[PDB]
Protein chains: 2
Amino acid sequence: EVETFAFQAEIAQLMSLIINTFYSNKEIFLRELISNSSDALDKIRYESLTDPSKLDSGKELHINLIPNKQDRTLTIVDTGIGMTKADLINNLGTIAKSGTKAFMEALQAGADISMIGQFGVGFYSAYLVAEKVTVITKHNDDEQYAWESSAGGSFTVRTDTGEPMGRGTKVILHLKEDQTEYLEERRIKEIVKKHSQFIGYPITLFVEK
Amino acid sequence: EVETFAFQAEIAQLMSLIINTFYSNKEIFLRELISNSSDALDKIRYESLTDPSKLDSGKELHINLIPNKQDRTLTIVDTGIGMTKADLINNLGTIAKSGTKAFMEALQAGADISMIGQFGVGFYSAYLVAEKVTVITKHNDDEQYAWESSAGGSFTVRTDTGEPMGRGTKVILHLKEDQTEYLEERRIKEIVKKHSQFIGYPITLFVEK
Ligand SMILES: COc1ccc(-c2snnc2-c2cc(Cl)c(O)cc2O)cc1
Ligand SMILES: COc1ccc(-c2snnc2-c2cc(Cl)c(O)cc2O)cc1
Ligand SMILES: [Mg+2]
């Protein structure tokens, strides 16, 4: 009961561009993922203003960054609105076919990879640093699902068997071998202070034994 | 059947700050409003990917800028998802109480008024240039409503009697007397090219007789 899907051709092309393009300022992936968490936190915050029971699955709106040097993973957890199975399958809630088109044109009209979030498809910048990304998500009244892709044209979706998350999304980045700087506390703190210093939810960087 | 509402105190404070603070780079209002139109266009585009009938109220996703020097108005029209009456009353679909708090703190931690969109409340930058803003909006399956406010602590909502809009939002800025530069074609073109050159929907600047 793992379902395997092909990416639409425009999204496979976006992913190949991100993986194959020489581009040294990889650290923008974290700004993009923290931005998406902030947008998801804004959404549950706005829904709660009229229906407080929407927070029954967790009242605290925040972001956790969890490095694990043994697993070579950096995990970003938020307690935002979460995604339904349909939204995961439909490009993680993004307008990715049209966004990808505009981004390609921009890149011709001069833009650079760091502008990717202006085209609605910043999630895929994860592949600047990760060989595999796993997305575990829970929206109120839908079940918990895990999406995962090592690129190559396909992704899987299954019902998740992990720990329950309450509500929100967890992005687990399985880092490339040469990208382990992004597990180091000083490097993560530096990038958060540089690019996410005004995000309006607490961001807690976990430490390791 | 005009309903009059008080702004929550944090939003009245945000509006007073924007109106009373000396700050010369007013032109950022247009970037903020065009951004909100783009976000609303992204939303109907994403809903249409799974339900095409959502576009029965208009298939074209675009933004029009309409200056009128006789009325001293600059109007921004989009054919995005639109807002329900509830969303208009609840601060135009924004998390404005919490966004306002963060923005105030940022402004202390050094930030400037141009960063307002990072706090979810960029709409209110309209009051850098407008004495009165009128917001006319139509979401699928809700009626067309007009919101309006000259600040001073209150806004009104009524069912709109204007021309039907199909779907989307129209922001009519009734400009301050000293802010008429923003009706001039070269000035609007300059600001769109400077700050909204990569927005992914057509932006048509209307001309005047
Ligand atoms: C910008 O488009 C977006 C589309 C969808 C989302 C949503 S809705 N629920 N979770 C996420 C989310 C998705 C991702 Cl990929 C993530 O990294 C963190 C998240 O909380 C956010 C932004
Ligand atoms: C950033 O938060 C936002 C909150 C709500 C919206 C939405 S949903 N439908 N219309 C608008 C909209 C609202 C405004 Cl004010 C506008 O200028 C243009 C619009 O299309 C957009 C952004
Ligand atoms: Mg945004």
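Per chain, numbering begins at 1; letters A, B, ... match sequence-line order.
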Do [X] and [Y] have side chains that approach each other closer than 4.5 Å (heavy atoms only, starting at C-beta)?
X: A:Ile34; Y: A:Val192; value: yes
X: A:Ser98; Y: B:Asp42; value: no
X: A:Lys138; Y: A:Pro164; value: no
X: A:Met83; Y: A:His139; value: no
X: B:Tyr124; Y: B:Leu92; value: yes
X: A:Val121; Y: A:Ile11; value: no
X: B:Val77; Y: B:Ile66; value: yes
X: B:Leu65; Y: B:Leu30; value: yes

[atom1]-[atom2] distance between [X] and [Y], expressed to the nearest 0.5 angstrom:
X: B:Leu41; Y: B:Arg45; atom1: CG; atom2: CZ; value: 8.0 Å
X: A:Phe103; Y: A:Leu14; atom1: CZ; atom2: CG; value: 6.5 Å
X: A:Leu61; Y: A:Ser48; atom1: CG; atom2: OG; value: 7.0 Å
X: B:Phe29; Y: B:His195; atom1: CZ; atom2: NE2; value: 10.0 Å
X: B:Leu107; Y: B:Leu17; atom1: CG; atom2: CG; value: 6.0 Å
X: B:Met165; Y: B:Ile136; atom1: CE; atom2: CD1; value: 6.5 Å

- Message: As a test of understanding, state which of A:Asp160, A:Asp78, A:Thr169 forms a side-chain hydrogen bond (donor to acceptor under 3.5 Å, both in side chains) with A:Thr137.
- Response: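 Passing option: A:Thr169.
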
- Query: Thinking salt bridges, do A:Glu185 and A:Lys189 make one under a 4.0 Å N-O criterion?
  - Reply: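 Answer for the salt bridge query: yes.
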
- Query: Does the distance from a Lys or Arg side-chain N to an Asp or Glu carboxylate O, for A:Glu3 and A:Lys85, drop under 4.0 Å?
  - Reply: yes

Determine whether a donor-acceptor pair (N or O, by modelled atom type, separation under 3.5 Å) exists between the side chain of [X] and the backbone of [Y].
X: A:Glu32; Y: A:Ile116; result: no
X: A:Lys26; Y: A:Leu128; result: yes
X: B:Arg31; Y: B:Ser196; result: no
X: A:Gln144; Y: A:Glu163; result: yes
X: A:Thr79; Y: A:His62; result: yes
X: A:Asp51; Y: A:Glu47; result: no

Side-chain donor-acceptor contact under 3.5 Å, [X] with [Y]:
X: A:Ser57; Y: A:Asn140; value: yes
X: A:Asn91; Y: B:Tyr46; value: no
X: A:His174; Y: A:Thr134; value: yes

Over all atoms of both residues, closest heavy-atom pair of [X] and [Y]:
X: A:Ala151; Y: A:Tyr127; value: N-CE2, 4.2 Å
X: B:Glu27; Y: B:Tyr182; value: N-OH, 3.5 Å
X: B:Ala126; Y: B:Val133; value: CB-CG2, 3.9 Å
X: A:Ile18; Y: A:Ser125; value: CD1-N, 4.0 Å
X: A:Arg72; Y: A:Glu177; value: NH1-N, 3.3 Å
X: A:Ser149; Y: A:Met15; value: OG-CE, 4.1 Å

- Item | Parallel, tilted or perpendicular: ring planes of A:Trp147 versus A:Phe155, cut at 30 and 60 degrees | parallel

- Decide yes or no on side chain to side chain contact (heavy atoms under 4.5 Å, CB included) for A:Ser37 and A:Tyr201, but give the supporting numbers first. CA-CA 9 Å; A:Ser37 289; A:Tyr201 293 98; over 6 Å; no

- Query: Given A:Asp56 and A:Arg167, is the side chain to side chain contact (heavy atoms under 4.5 Å, CB included) satisfied, shown in steps?
  - Reply: CA-CA 9 Å; A:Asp56 286 353; A:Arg167 184 198 56 252; over 6 Å; no

- Apply side chain to side chain contact (heavy atoms under 4.5 Å, CB included) to A:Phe206 and A:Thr75, showing your working. CA-CA 10 Å; A:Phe206 288 32; A:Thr75 298; over 6 Å; no

